[PDB]
Amino acid sequence: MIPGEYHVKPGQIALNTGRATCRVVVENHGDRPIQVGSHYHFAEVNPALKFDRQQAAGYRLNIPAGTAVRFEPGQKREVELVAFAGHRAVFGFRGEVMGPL
Amino acid sequence: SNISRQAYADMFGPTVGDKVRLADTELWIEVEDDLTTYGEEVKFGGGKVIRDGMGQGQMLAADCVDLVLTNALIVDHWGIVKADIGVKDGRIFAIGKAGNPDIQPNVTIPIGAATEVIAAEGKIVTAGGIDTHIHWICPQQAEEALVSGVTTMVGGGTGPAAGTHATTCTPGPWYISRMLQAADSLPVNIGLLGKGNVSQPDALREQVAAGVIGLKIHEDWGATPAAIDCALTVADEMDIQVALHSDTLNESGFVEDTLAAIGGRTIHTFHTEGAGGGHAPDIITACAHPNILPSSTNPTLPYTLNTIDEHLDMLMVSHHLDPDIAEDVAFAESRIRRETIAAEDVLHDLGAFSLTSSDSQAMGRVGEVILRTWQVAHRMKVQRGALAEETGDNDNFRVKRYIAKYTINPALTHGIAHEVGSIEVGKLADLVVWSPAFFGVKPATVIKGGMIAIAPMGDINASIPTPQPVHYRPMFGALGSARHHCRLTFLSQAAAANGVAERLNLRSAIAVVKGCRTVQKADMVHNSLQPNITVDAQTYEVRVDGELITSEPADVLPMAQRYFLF
Amino acid sequence: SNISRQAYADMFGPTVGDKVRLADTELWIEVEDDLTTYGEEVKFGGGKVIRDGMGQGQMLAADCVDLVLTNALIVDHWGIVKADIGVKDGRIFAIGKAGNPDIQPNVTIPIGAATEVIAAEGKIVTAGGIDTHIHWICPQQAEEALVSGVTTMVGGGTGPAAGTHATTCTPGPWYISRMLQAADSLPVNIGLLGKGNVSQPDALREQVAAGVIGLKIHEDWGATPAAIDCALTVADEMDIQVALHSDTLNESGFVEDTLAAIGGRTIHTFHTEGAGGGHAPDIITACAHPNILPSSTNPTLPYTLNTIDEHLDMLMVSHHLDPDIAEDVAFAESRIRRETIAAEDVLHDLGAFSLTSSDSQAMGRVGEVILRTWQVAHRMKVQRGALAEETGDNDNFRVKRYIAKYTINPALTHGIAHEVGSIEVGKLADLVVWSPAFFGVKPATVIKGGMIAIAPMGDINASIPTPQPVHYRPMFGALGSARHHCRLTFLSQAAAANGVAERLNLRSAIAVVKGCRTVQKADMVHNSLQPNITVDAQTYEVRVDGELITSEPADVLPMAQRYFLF
Amino acid sequence: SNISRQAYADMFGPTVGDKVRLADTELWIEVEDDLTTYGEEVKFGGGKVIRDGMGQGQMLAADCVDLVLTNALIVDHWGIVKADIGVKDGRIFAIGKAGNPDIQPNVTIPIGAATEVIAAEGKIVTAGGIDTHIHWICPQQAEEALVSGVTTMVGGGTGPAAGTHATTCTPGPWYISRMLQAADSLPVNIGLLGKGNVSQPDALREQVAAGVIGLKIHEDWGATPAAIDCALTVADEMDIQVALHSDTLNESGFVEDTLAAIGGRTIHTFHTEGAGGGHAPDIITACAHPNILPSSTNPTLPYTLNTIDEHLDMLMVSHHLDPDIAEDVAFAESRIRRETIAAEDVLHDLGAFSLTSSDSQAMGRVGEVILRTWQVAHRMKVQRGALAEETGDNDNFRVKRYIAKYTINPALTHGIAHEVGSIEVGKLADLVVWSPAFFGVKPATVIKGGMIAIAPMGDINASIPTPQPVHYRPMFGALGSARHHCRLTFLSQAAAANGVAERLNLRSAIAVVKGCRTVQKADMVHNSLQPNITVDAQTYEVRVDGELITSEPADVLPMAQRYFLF
Amino acid sequence: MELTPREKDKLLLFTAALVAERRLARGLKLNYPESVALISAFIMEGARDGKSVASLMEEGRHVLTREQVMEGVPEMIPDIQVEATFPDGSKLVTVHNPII
Amino acid sequence: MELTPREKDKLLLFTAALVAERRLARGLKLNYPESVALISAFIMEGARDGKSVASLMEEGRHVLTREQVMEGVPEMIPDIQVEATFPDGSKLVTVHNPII
Ligand code: NI
Ligand code: NI
Ligand code: NI
Ligand code: NI
Ligand code: NI
Ligand code: NI
């Protein structure tokens, strides 16, 4: 007996189903670590991260909500992106779009 | 991508199909539905989802909620579901999917710059409790009740005076006015009951016009057929409720005479089992009638090994009875029956009794209404197994039936269900957040009218809010003007019209009661059973359709020694 | 039928001829009269008398009282009688026989649907105490005083500031206004004293016009003939009282010079014995004059074995005196005289001293005014026996003489006897209920303006109000708006006329002082003796008509170690 | 006549040339000037100077002060001098020589009948502290801060909600209004910060128009260049301040990008060292810029042996971080650097960091802002010796530089220096009196708006205010209406104009912020250094002009175990 | 700990009993408040141990005798009442004439 | 003494721990609040003695074992935190999984 214990049924949950995704190789060219969140507009991340910004347009990281991907200086890795939904209007970040797309 | 169910539960709380144990009881709830879109759950924190342009939008205050409780596991009379809860203007705005429509799908609860966040992942959220049997013996009772998870208190009294010690009555215009003024200082919603024991209608109308939302008929002031009939006539014309504590002594007649006097008019019977007062030994038979809304007081819930023993002396003090006066002792003894006390738990499990209440400091514990209700459910599951209505391998239905006893049903009985009583859109945002391990025992956060009013708080000078000692302390929602804005004082329609609020210069928000005469047993959520119940005049045995109703006394109960220091 | 006297006393409290011991003292009171009709006493409870059609009538709120204290044993300056007390609109309605005129005889206090009940059978009821020597050093003093049974506090101060530590002065319009505003937050009636030490009339008139009900002349601010004369001139024209703490140092003259400066004008002399301040060593001789209303502060009451020892260091701190400065130490020593301290108790017993007060936190104990007064009475009965005025085998007269010292006399001295001070019809219902075993020590209930404001209260979550721990807690009469309605802020006639209450936006009820210039020694109830008293300049011996006045120090006192935890 | 210097100091406190040790530290202050005329010092008490015709004059209230603090040793940014302080209408009237012009020379502060006296001889008086980094997690924080000597609190929050746990933001109009109403109940001056994280200007303007005096940009809500730029644009047009907690994750750019986004506009950087949040590992380089007003939070002040150890877990809880989520743990670890923590103390000593603050219950201790500032000064004197600016054999200059960090500088940074922040004529009389042995640790008296609001107080029933137990208790200045009159609620100019005070029916005095956009590093009193500072990306070493900046961790600190019970 | 108001209130009773306990140990005759606190605290511990209401109602009458308290004290205490969390929840224990 | 609010608050924790201490001594299995108070009070005394934060984070995990507390209690306490005045000022001690 454990007070308030869960009895989670076994299995897995499929996240962000039915949405466009794409893989991109990213490399941290800066001398300081960079960590990106699950819902940040990837095309507007720290300029030190070198990748095809054009392909990442309207995309965010295809990772569980609230988690992040870290890039130590010089680190290169392939990430999977999932496209934004809703109105697909980007406002904020580095201010490169500030509108639909 | 993909994520395992266990890891998912650890991050966002349980989802459809997962089960959660309620505190240390044997009751388990299973998530029935989840209103989220997997991958789009909102989470607050460094680098999380709720940030500008991401989970938070660009809308003005008017187009987004003031507060959002994220990933909450709602337990209410209508369902046990996982969802985000939006609160706007102090009221429940929506139950659904929170976020930013600009980049997220299915957002029904918009988060903007004006949105505060309460992380409810891994927590259970419920409506605030409603105790309709309060004796205003001291103002300290409000904090005790609030801490337990009760946000609305209905009753009567003027302080530690003999009249209030015995009855829930705020006698007359002067005291009613004084108590309505004092109520602004208390962090709970409040409604007052006047003294309904008079055979002159005008003396009752005055009290209603002064502000009471109901009239208490108590045997200590004379629960005679004439008094009862008078109170019900005024109630029928002023849309207020009547609460009854019948003639235990059978002085003016037996239970059948009282029932006859009531004449099929709506009435709320207090402590229908009898120990707390009422025709001996069969007042319990009232739960068979369609116009009776029956409630239990808490010292008899649930039936345990020490119950009978503690009851005698408790009886004496509360009613100003003399243990040397034989008539005073014989009368007390005929009130305490093992037979009816054992039956009461079963009748609750069957839905024949619809409400639970305290009877604060007059044969009842103000901070134990919620706790005792769940102890009864536990003891009943253990003894009787699953309810006929259960579906699936969980206790979901029993949980909905019991939670209704101290939330929606008391609200319906007293004509305030339009304001409080459940988690539905448009109702006042009185919410209680619980950690599963402490469900029903010690809340994590108690929200009043959209503001946190009390919560456990650690060392004030600490670097974080968690270091010891952690104990309950009043928050901003319990302070001065913010409190007034977050609490309600219920008035009768007549008082509201006479401008009582303006005259007494009441500061809190005002709400009016209505629909007290039209509620009947059939309207009590999940508790509308009208059993063909009988009580043996000699043996006191309770029988429904001839079958004997009874249960065994518990030796040990959950939600007890594992949580309290004393 | 018939009932034995003992059984009768156990049910309704004592009646005519019965005697009751006051706490653990040697003082006994005998019931002088009983206003009931045997067989028709009203009693509340299950099956008792106060029920619809029986002891409770059918009248509207306007034709019955709001509260009734049943079977109370009243102890007041005018009598020690058994009766029911009716309270209506926050004031004493009647002292007589309560009930329902429809079926009962001799009912003068009608009980109706709007009547709350306080059962006082076996209890002693008195008026609330009035302490006229308060130093507003901290707001916590009000709760301490209220708990002891004191309901009105008159004094001055602004908090823990040097000026207030030494004197009862709320200096000037700004501080006076600020303190009048803060007073609304305190559960006692309040009146302020301004700084009367100035030789410019206008500077005094400003303070009176701002709200003070009196002016304190204190030696620390210069108790010179010029200052004294100025303060009395303004008092004579504005109908406010003057409280004096004379020139101990004999710097501007001796006691005869101060008396001469006063010139037969009414004045209240504080701590007339001298230890608390005043011309050394003969300020005590002031009690011989018709225009002097003399009071004692409490640390010297009564004379005990540890009295002298504790006094020196207490003297120093209160007056900001330096123990290294010889002049500061010699002056303190000439104030503490065993001779005058012993005489003071006797002078109280004879009625030469008319009031007792505290001198809160500046050589006096705020919660011990009542307790110490009774200790003096006890010690005097023990040492001197019965008073010449006693009749019968009881201490009734001595009890009336001493109770007047902290109730009606302070009220008369300060011009507020029209509102408070005794249990008489029309006065504010400030009442204190006591169990005989705890009389003068720990009250059972303290009522302010018709509402219980503080009372002992047990476990808040308990099934009854009696379980431990039982300690004093604020009640509804001490909360927000209800408090404002149940307390009074006394203003000078000038302030009332200038609309000070409206300007500062005072919330509590307002009362005006009057008759401060016309009171003289002869008006002090049971304490109007003007003895031909002398003090030996060298030996400090006190003599009245040549006879030496003195007493012995107590080694043990009642109302002490048997009641307090520390 | 003549008097020895030692005897003089014992009676009137120290004079020119005397030195006083601050608590148990190694810091010594030397009296620079004395504004008295030897022989004419005013002293209150029996037979002292402040008496009618003597040290007290015949003037009306309008021609004399309400309160005078006699013989005070003032420690402020402008000087360490001995003088009398006059307070009139709740504000600092004059700093000079008090008395009666009729018989005394050089009187600039007239004492009259309307003057209260606080004896400050032998005491140190300072302005009330100003903490500009408050998380309104619970209302209890105000009493804790007030007791420590902090009289103004600026921050944001709504109670123990996740958003407030992490950020100083009162999100939107509804919560802002609710908190402005609750603020009237607190005994400190208050100003609120709204959520500045949005890329839609109107959503910010709404919050400012509703009442906030600043906008907090926090990484948890997204500290992106777009958000930062938006907040600064609105700040520039509405004259409110911006407080920044930058992007630690370097997610949107590095420190150079944030700086670029700011674009030379005025901004207050919170916890500029980094442990409390900000670009890792070089946010500290911001102190080199003219438009940056840098402050430190207190858990890292000063660098001690247990500092690093306690920091990790503290990091987690405050930000809702998961220790199992590697990214959540790596990010926390890159924030805690021994290198920058050691440098921070030195940068404070050099004047590169201008303010100290708490970061209450979210990686900071609300009651330790003052205490920790002095501990840093002590540790710096011990390690680095005298400052280049010191003159004479004392630490006067270092004391002025450090006291400015929690008084005048925070006031200037937030646009409220016209009301509070220092002891200068015309400013609100928020003063703290200290005994030298307890300087910076436990105050003797805390004055708010001219009234004592909290002070240590002994046994309430005692004969004097000094007997044990002595602990801090609320005074008259903290009660109801008196409190409203003695505290300020700061509003933005827009809110003041929209009549927000009238609409919410705010009771306290209102003050408006102004001059938030024009302050720059050069305006910070004694702390305007803009060093050419660099941080090694790999080793985290801090260097100014190439020289390595560092210090050693303390094993034992003053103002610690000698004063606290726990 | 998440102490509710009632738990904190009981801490006051426990502490009052510590004062009495030390005084009884010195051989002093207890006064009214000391006696009430001592017997009350005894019962709360009885409940923590799992004793029944019935047993405690009896055992409580044997904590202090008339020779261990001051004169008049036994008469000032006609009964003592206290509630505590028994294994089966909160129950009220009433001890009549505890001192004899 | 001039006790600040935080010092008085800690007096509540100390007293709660006295209750637990006596119960453990009788041989009872401690409950949730008793366990938290006992371990917490232990740490505060550790700081008064001058022990480092690092040492206490470890020592605190050895105050109570799983066999000295009621079932479910160890799981109800994932960690305990308390602050105290160390020789070098106030520091926060976090003890993870104190009961095993
Ligand atoms: Ni009842
Ligand atoms: Ni009841
Ligand atoms: Ni005096
Ligand atoms: Ni005095
Ligand atoms: Ni921060
Ligand atoms: Ni912060």
Side-chain angles (χ1 to χ4, degrees), chain B residues 131-137 155-157 164-169 193 216 218-220 243-245 270-271 275-278 295 297-299 318-319 357-364 366 463-464, chain C residues 133 135 155-156 165-169 216-221 223 243-246 248 269-278 283 295 297 315 318-319 335 357-360 362-364 463-464, chain D residues 46 131-137 155-157 164-169 193 216 218-220 243-245 270-271 275-278 295 297-299 318-319 357-364 366:
Chain B
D131 192 351
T132 61
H133 197 151
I134 296 297
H135 273 269
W136 294 113
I137 291 174
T164 297
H165 281 332
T167 80
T168 52
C169 305
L193 299 184
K216 170 67 174 291
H218 205 278
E219 74 172 321
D220 287 18
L244 180 74
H245 170 154
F270 275 171
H271 43 64
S295 61
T297 42
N298 72 17
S318 271
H319 303 296
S357 57
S358 68
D359 195 359
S360 53
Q361 293 184 121
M363 288 193 66
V366 77
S463 51
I464 32 177
Chain C
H133 197 151
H135 273 269
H165 281 332
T167 80
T168 52
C169 305
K216 170 67 174 291
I217 276 67
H218 205 278
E219 74 172 321
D220 287 18
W221 299 111
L244 180 74
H245 170 154
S246 59
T248 308
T269 47
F270 275 171
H271 43 64
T272 309
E273 176 275 333
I283 176 57
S295 61
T297 42
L315 205 311
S318 271
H319 303 296
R335 272 171 64 159
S357 57
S358 68
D359 195 359
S360 53
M363 288 193 66
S463 51
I464 32 177
Chain D
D131 192 351
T132 61
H133 197 151
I134 296 297
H135 273 269
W136 294 113
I137 291 174
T164 297
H165 281 332
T167 80
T168 52
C169 305
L193 299 184
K216 170 67 174 291
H218 205 278
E219 74 172 321
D220 287 18
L244 180 74
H245 170 154
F270 275 171
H271 43 64
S295 61
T297 42
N298 72 17
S318 271
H319 303 296
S357 57
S358 68
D359 195 359
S360 53
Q361 293 184 121
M363 288 193 66
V366 77

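Sequence lines set the chain letters: A, B, ... in the order given, protein chains first and strands last, and positions in each chain run from 1. Each ligand, and each atom within it, is numbered from 1 in the order the structure gives. Reckoned from all heavy atoms, side chains included, excluding hydrogens, waters and symmetry mates.
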Check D359(D) and report its N/O/S atom nearest to the Ni ion (ligand 6), by atom name. OD1
Any N/O/S atom, side chain or main chain, of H271(C) closer to the Ni ion (ligand 3) than 2.8 Å? yes
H133(C) N/O/S atom closer than 2.8 Å to the Ni ion (ligand 3): no
Parallel, tilted or perpendicular: ring planes of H245(C) versus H271(C), cut at 30 and 60 degrees: perpendicular
Is there a side-chain contact between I134(B) and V366(B), using heavy atoms and a 4.5 Å cut-off? yes
Would you say that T168(C) contacts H133(C) through its side chain, given a criterion of any heavy-atom pair below 4.5 Å between the two side chains? yes
Is it true that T167(D) and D220(D) share a donor-acceptor pair across their side chains at a distance under 3.5 Å? no
Nearest heavy-atom approach of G364(B) to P299(B) is CA-CD, 3.6 Å
Would one find an N, O or S atom of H218(D), in either backbone or side chain, under 2.8 Å from the Ni ion (ligand 6)? no
Which atom of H135(B) approaches the Ni ion (ligand 2) most closely (N/O/S): NE2
When you measure from the Ni ion (ligand 3) to each N, O or S atom of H245(C), which atom gives the shortest distance? ND1
